[PDB]
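Residues per chain, in single letters:
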Amino acid sequence: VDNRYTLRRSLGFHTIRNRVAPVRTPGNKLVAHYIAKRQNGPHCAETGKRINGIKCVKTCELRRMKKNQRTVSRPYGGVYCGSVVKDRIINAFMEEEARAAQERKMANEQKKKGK
Amino acid sequence: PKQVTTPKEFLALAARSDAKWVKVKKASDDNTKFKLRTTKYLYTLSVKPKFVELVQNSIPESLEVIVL
Amino acid sequence: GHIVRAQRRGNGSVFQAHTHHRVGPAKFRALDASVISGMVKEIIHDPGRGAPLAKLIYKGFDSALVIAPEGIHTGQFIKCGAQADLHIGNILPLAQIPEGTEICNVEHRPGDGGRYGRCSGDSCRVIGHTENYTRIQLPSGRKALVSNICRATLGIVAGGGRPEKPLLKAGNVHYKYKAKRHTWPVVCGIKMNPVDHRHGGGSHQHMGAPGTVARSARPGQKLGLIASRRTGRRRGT
Amino acid sequence: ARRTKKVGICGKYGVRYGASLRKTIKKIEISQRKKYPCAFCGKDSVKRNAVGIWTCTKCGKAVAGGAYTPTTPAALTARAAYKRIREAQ
Amino acid sequence: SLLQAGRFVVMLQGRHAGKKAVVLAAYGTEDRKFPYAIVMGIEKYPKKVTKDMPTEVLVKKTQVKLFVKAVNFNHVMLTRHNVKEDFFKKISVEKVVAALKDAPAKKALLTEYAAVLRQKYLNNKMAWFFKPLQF
RNA sequence: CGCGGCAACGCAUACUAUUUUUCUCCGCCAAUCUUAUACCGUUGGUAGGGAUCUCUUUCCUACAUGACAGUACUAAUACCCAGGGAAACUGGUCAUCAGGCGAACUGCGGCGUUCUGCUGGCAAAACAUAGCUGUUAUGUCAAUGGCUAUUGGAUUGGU
RNA sequence: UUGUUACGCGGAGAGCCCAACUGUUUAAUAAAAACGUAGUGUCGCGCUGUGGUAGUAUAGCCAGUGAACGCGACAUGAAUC
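The structure reproduced in this document is the subject of the present report. (Residues numbered from 1 in each chain as written, not as in the entry; some residues may be left out. Chains lettered and ligands numbered in written order. Part of a larger assembly, values for the part shown. Heavy atoms only, no water. Residues with missing side-chain atoms left out of burial classes, pairs and counts.)

Counting secondary structure elements, chain C contains 2 helices and 12 strands. Scaling as 2.2 N^0.38, a compact globule of 237 residues should have a C-alpha radius of gyration of about 18 Å, whereas chain C reaches 22 Å, well beyond that. Taken along the three principal axes of its C-alpha coordinates, chain C extends 70 × 40 × 35 Å. Relative to its 237 residues, chain C shows a buried fraction of 36%. Summing over all exposed atoms, chain C offers an accessible surface of approximately 14200 Å²; the carbon and sulfur share of this is 51%. Between the mean site of the 36 positive side-chain charges and the mean site of the 14 negative ones, chain C shows a separation of 13 Å. (Helix = DSSP H or I, 4+ residues; strand = E, 2+ residues; numbered from the N terminus. Rg over C-alpha atoms; globule rule 2.2 N^0.38 Å. Buried < 20%, exposed > 50% of the residue type's maximum accessible area, 1.4 Å probe, protein only. Areas by Shrake-Rupley, 256 points an atom, 1.4 Å probe, with all protein chains shown as cover. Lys, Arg positive; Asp, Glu negative; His and termini not counted. Charge placed at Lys NZ, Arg CZ, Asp CG, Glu CD.)

Here it is as structure tokens:
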């Protein structure tokens, strides 16, 4: 046997795009098949963790997939994972609630002068 | 080239006015495969020799049928 | 003679700053009329500069790569302005700050960017308030009238004590000047022949000429100790 | 077993660079690798990321400290200076 | 003790997270072994409307969409506010059946109590509830 | 002509603009685990050819399936969720370690990336024997290791 | 009595001189003790500045996406005394 095989594409050098793997054909012939690139896929802002419920494919072929599988259902579905969204609800409530209670406070405190 | 499990769903795919031919073909374990051609895909249907006779009749008359 | 290595740094072909991985120009936001809160999004390290930078957000989000005081942390709220209180972080004008305290990245002109006291583990000290001009002492010793309206970050710059540790190997200094610029290694002037440098030549290596030259001395001629009002071991004083 | 008697962390350098320099770096190389106690999440896993920067792993936060320790003495004095003036008035 | 019927809440996580709610029946069961409380809420809020273009554009932004859900105590954030009579009781009188199953049966409630709850927005009462919050 | 799940998330949904974020996307070195390919192996087997004074149930060749598309349960590690509520500290790695900012542990949890099996592509092709004058026959099988290497990937550490 | 069988695989020790060390160098007679280096020291300058360059356009270029724990100019050449 001789199991050595040529590169098919005219680029010679061993770059990240020009990488191969040996494969058996139907005809008992070893041959170069070219490796498609790895994808990390969507990490989140804050912390820097992998969100769940989406494949790491290319974002161009993420368009060809269904609108279901592009996203997670919640508010800030893609961008922010779960517990960071919980914290944004709690803070943006109580920042606004303290500011709303400040308008109640400055209403209530100034009425003491009249009575 | 997709496979299709149900014989009922095959006959829905046959009567689309896409399909150019069906191919009958003997297989291992005394089965046979009805390979419906469509413009996009090639829908195969594995079947046992119990329900082999009925399916051919089920197929639309207009569609051409090439035996192998 | 040939043109000497001191003269050749001007023409500036190979002697340029290696400015590729540098993240941006470190300065304040422009002045624009009180008090404005600003979250530290993150603190990052840029190559060449020994200090960190801290990227602020004055949320639109307006950004500003400010140079980092020590004790800043991520998601601290920095407060630029007059009526901001004293914390290590905050950016006050020199009217407001107390004298006899250590400040960082102080501007020369108002609305400028920040000028004096920028490198790691340095700080301008404040002497006293005249009226308009808040007098401050720079890290060297020298003292400078600077206008009270212009801004300065509070505290000492981060990354202090980097030259405390020596670099044992030539390779560590190779990686040091890769980020900065080509100026290394230095071949000494005595070693070179007479045409290349002033100190060069002779059967035995030696300087020969006095080796200490005026401000009036020309390009090509200014080599060695320039206008040295003292030399030798600085014993006392 | 302890295996070097004297040297410690500077055993990597071998016979090179002199006795006085390896004494100096022995102090500093122990400092910059050591995990330090966090303020914010509490836990003891504050490593050195770059020169001035000290990332906590478990927080996901960072602080600006010294080059080879997270607390410079001179910067720690500046806190005490601005404390006494703020506490006054 | 805190989880009564007459109290507003905010949803912490889920599909409806951020959005407003009120408790109905604060309960262990054999169906689901944890603390859980059946809630009302609102999905799409009524936006503000200028009186230019009467009738037609109003009756869209008028209409308020609802939801019902059997939610854990951890995933709801309790609030200051309480409901202030018979009307509060009526909306929560029937709701478990819709929650349990059958879309048509549950859609009969949400079509009904959309019309009932909207007439409280007509009066400008429960002014906190029908207003959203910005993140 | 918007619904399921306590939740992680699932499933059939538009367009213009502004802003924000992500993928594209990134140094070097070291270790562990694992597909694919090659090679060496224990178990047999059948096809043809080589060898033979003697010996050798022998020796050699052959024993194979592409991009692409699908959905089973086996079983992994990463991360997250529900219950659970930990010093007589427990769990875990080749190694460092992890945990009341919530561990062990239970779910026929969620999800990503790899994996085994079963198909479609698919035997109609290709290859090897046997025979007829272009084509007809059989056959390409069954079991299961790698302490070996290279490649892709995973889990990490150090500088 | 021979065996890392062929193939492949350090002769070793004791003095003295120079440079500490890895590294660089006269392409084509010199690879060194020369150059380099870490370490040590001196001098200049707080930006309308300092060390250059550039050339008639009141051109703007380099250090400079810089600021004395810095930039530039030299001399010595690890440590120990």
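So much for the structure itself; the text now carries on.
Another aspect to go through is the arrangement of the chains. Most contacts, when the 2 pairs of chains in contact are compared, are made between chains C and D. The closest approach of any C-alpha atom in chain A to one in chain B is 16 Å; the two make no contact. Separated without contact, chain A and chain D have their nearest C-alpha atoms at a distance of 6 Å. (Contact = heavy atoms within 4.5 Å.)

Moving on to the protein's contact with RNA strand G. Close contacts around RNA strand G come from 69 residues, with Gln 7, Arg 115, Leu 167, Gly 224 and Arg 229 of chain C the closest. Across the atoms of RNA strand G situated within 4 Å of the protein, the share located in sugar and phosphate is 76%. With respect to RNA strand G, the side chain of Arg 9 of chain C contributes an N or O atom lying 2.9 Å from a phosphate oxygen. In the environment of RNA strand G, a phosphate oxygen lies 3.0 Å from a nitrogen or oxygen atom belonging to the side chain of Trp 184 of chain C. Elements supplying a minimum of two residues to the surface near RNA strand G: α1 (5-8), α2 (170-179) and β12 (225-226) of chain C together with α1 (19-33) of chain D. Among the residues forming the surface near RNA strand G, the class breakdown is 30 nonpolar, 21 polar and 18 charged. (Near = heavy atom within 4 Å. Polar contact = N/O pair within 3.5 Å; in protein donor to acceptor, adjacent residues only side chain to side chain. Nonpolar A, V, L, I, M, F, W, Y, C, P; charged D, E, K, R; others polar.)

So, on to the side chain of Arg 118 of chain E. Residue and element names in this part refer to chain E. Here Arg 118 shows up in helix α4 (residues 103-122). There is no salt bridge for the buried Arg 118, and the closest opposite charge comes from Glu 112, which lies 14 Å off by N-O distance. Excluding residues within four positions of it along the chain, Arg 118 makes contact with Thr 62 and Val 64. (Salt bridge = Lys/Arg side-chain N within 4 Å of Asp/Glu carboxyl O.)

Looking now at the sheet that holds strand β4 (residues 66-72) of chain E. Residues and elements named next belong to chain E. The 5 strands are arranged β4-β3-β2-β1-β5 in an open sheet whose pairing can be described as antiparallel. The sheet terminates laterally at β4 and β5 (76-78), the two strands that pair on one side only. Sheet twist, expressed as the average angle between the axes of neighbouring strands with direction ignored, equals 40°. Direction of pairing for strand β1 (residues 8-11) relative to strand β2 (residues 20-26): antiparallel, over a ladder of 3 bridges. In the sheet register, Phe 8 faces β2, and the bridge partner there is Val 22. Packed onto the sheet, α4 meets β3 (36-42) and β4 and runs at close to 115° relative to β4. (Pairing = 2+ DSSP bridges. Axes fitted to C-alpha atoms, helices over the stretch in contact; angles between N-to-C directions.)

In this section: the packing of aromatic side chains. A complete count under the given rule lists 10 aromatic pairs over all chains for this structure. Relative to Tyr 17 of chain D, the ring of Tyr 13 of chain D lies with its centre 5.8 Å away and its plane at 85°, an arrangement referred to as edge-to-face. According to the relative accessible area criterion, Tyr 13 of chain D is buried, its value standing at 13%. A residue is classified by how much of its surface remains accessible, and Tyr 17 of chain D, at 26% relative accessible area, is partly exposed. Seen from their ring centres, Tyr 36 of chain D and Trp 54 of chain D are 5.6 Å apart, and the 70° between their planes marks the pair as edge-to-face. Taken together, the residues span a long stretch of sequence, with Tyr 36 of chain D in strand β1 (residues 36-37) and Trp 54 of chain D in strand β3 (residues 53-55) at a distance of 18 residues. Both residues of the pair, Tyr 36 of chain D and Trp 54 of chain D, belong to the buried class. Site record: aromatic cluster; members linked through ring pairs are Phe 8, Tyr 121, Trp 128, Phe 129 and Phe 130 of chain E. The ring of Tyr 58 of chain C carries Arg 29 of chain C above its face, with NZ or CZ at 4.8 Å from the centroid. (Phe/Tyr/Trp six-rings, centres within 6.5 Å; stacked < 30°, edge-to-face > 60°. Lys NZ or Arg CZ within 6 Å of the ring centre and 35° of its normal.)

Here we take up the interface of chain A and chain E. Taken residue by residue, the interface counts 14 residues in chain A and 17 residues in chain E. Roughly 1300 Å² of surface becomes buried between chain A and chain E when both sides are summed, with 69% attributable to carbon and sulfur atoms. Area buried by chain A at its contact with chain E is led by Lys 86, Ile 89 and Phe 93 of chain A, which between them contribute 42% of it. The tally of links between chain A and chain E comes to 1 salt bridge. Of the charged contacts in the structure, one is a salt bridge between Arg 80 of chain E and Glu 97 of chain A, with a shortest N-O distance of 3.7 Å. A per-class count over the side of chain A that touches chain E returns 7 nonpolar, 2 polar and 5 charged. (Buried area = accessible area lost by both parts, 1.4 Å probe.)

Here the second largest pocket is characterised by a volume of approximately 760 Å³. Forming the boundary of the second largest pocket are 25 residues, of which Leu 167, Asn 172 and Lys 176 of chain C together with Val 51 and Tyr 68 of chain D lie nearest the centre. Of all the secondary structure elements, the ones that give two or more residues to the lining of the second largest pocket are α2 of chain C together with α1 of chain D. Its residues assigned to classes, the lining of the second largest pocket shows 11 nonpolar, 5 polar and 9 charged. (1 Å grid on protein atoms, 1.4 Å probe; cavity = no way out; pocket = protein on both sides within 12 Å on 5 of 7 lines; lining within 4 Å. Points joined across faces, edges and corners; volume = space filled by probe spheres on them.)

All names here are of chain C. With an omega of 10°, the peptide bond running from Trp 184 to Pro 185 counts as cis. Here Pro 185 lies in the loop between α2 and β11 (212-213). Although it is not a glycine, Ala 227 adopts a positive phi angle of roughly 60°. You can see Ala 227 is positioned in the segment after β12.

Worth remembering: the numbers are spatial, not functional.
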